[PDB]
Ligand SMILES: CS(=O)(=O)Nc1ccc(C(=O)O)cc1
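For reference, the chain that follows is the form solved without the named molecule, supplied as structure tokens.
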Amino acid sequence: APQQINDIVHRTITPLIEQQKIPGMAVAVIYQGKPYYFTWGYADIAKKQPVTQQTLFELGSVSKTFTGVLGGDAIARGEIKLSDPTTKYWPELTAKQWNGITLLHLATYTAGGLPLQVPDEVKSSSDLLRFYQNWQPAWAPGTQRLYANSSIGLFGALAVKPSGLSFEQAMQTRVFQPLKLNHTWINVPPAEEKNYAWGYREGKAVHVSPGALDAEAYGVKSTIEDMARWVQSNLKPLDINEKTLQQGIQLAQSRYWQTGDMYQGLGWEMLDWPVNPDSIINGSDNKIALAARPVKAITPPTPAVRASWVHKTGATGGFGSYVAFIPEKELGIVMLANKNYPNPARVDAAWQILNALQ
């Protein structure tokens, strides 16, 4: 890799691993549409397995970007419309609070207060129905944004309903396969377990636990190589031959709502570039990213803006991931660590690296 890129990455990630005590990490910088890899530490401390470009990391909420794109693909295919009411795909959902709550609302966390987490007690299919039937909106739809798994997660499940495929099957056939993301999984097979890093929480090795809507909200695991590929596809959707997928990617980068200087897409969150570091850096901290905020509707949504900082943070008990790209500069970065460390530290490092490359 150009010594230029090598220097900036090393000078930035080395002190980060040191200060955040990250056991293992993999970084991918996409520069001029070409990827460059870097890896540090351990995937498995106990078994002394090093992190490699084949190591699988939990993407956590970065999985939401795949869901947003898969939903975008369904829209492109004419299977669903973001303007359709939620009940069109789940008629069993008869509670009157759902009146006026659309797929757009579920996809963008603006349904009216759906919670961040689906309760642990909610498992069966009838349990989820009851959960949603009983839920009480604190606000009218399309007024307030509250980041939530139960919101975009439901969107993912309903979105693949017409395809007749299971969420996982739809995701593989419609997104992973076409993009050649061959080491990206919702459920990692026995054969790949050897490459699955252990997450570390308070020094204990852990992996994400099963949950309702987990696949749709935070259950994807991937390698630094496949995530580099995921970035390139999102930086250049026109390079994709599958019409509906290409279109799906564009739809996920459209700006539907605005809060502060952030714009909500389907899974991805965007900001006008050049962006102010302190603004995306502090804007990422969970003190802001997860709070209740009023949103302004973008009527109609602004189609994907090439000059934007497109990104998403992701976390699980044991993992911390981050993805950010600038379509206009054919520039991007993927950071995958097996420790959940502060978001601001991720964004800060990401910005130092990309800003230094234009």
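The term rigid core refers to the maximal set of C-alpha atoms that superpose within 1.5 Å between the two forms. Start at 1 and count along the sequence shown; that's the residue number. Shifts are known only where both forms have a C-alpha.
The following text describes the form deposited with the named molecule bound, which does not appear among the structures shown.
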Any chance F131 has a heavy atom within 4.5 Å of the named molecule in the deposited bound form?
-> no
Examine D73 and determine whether its closest non-hydrogen atom to the named molecule in the deposited bound form is within 4.5 angstroms.
-> no
Does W257 reach the named molecule in the deposited bound form if we count a contact as any heavy atom within 4.5 Å?
-> yes
Although the named molecule is absent from this view, report whether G41 comes within 4.5 Å of it in the deposited bound form, heavy atoms only.
-> no
Please state whether every one of the three residues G142, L290 and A297 places a non-hydrogen atom within 4.5 angstroms of the named molecule in the deposited bound form.
-> yes
Sequence-ordered residues of 146 to 175 touching the named molecule in the deposited bound form, heavy atom within 4.5 Å = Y147
Mover between this form and the one not shown (rigid core aligned, C-alpha >= 2 Å shift), picked from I45, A307, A289, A297, is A289
Sense of CA distance change between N234 and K287 in the deposited bound form, threshold 3 Å = closer
Might you say whether the CA atoms of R346 and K287 end up closer or farther apart in the deposited bound form than in this form? Their distance differs by 3 Å or more.
-> closer
Once both forms are overlaid on the core, stretches between this form and the one not shown of 3 or more residues with C-alpha shifts of 2 Å or more = 282 to 290
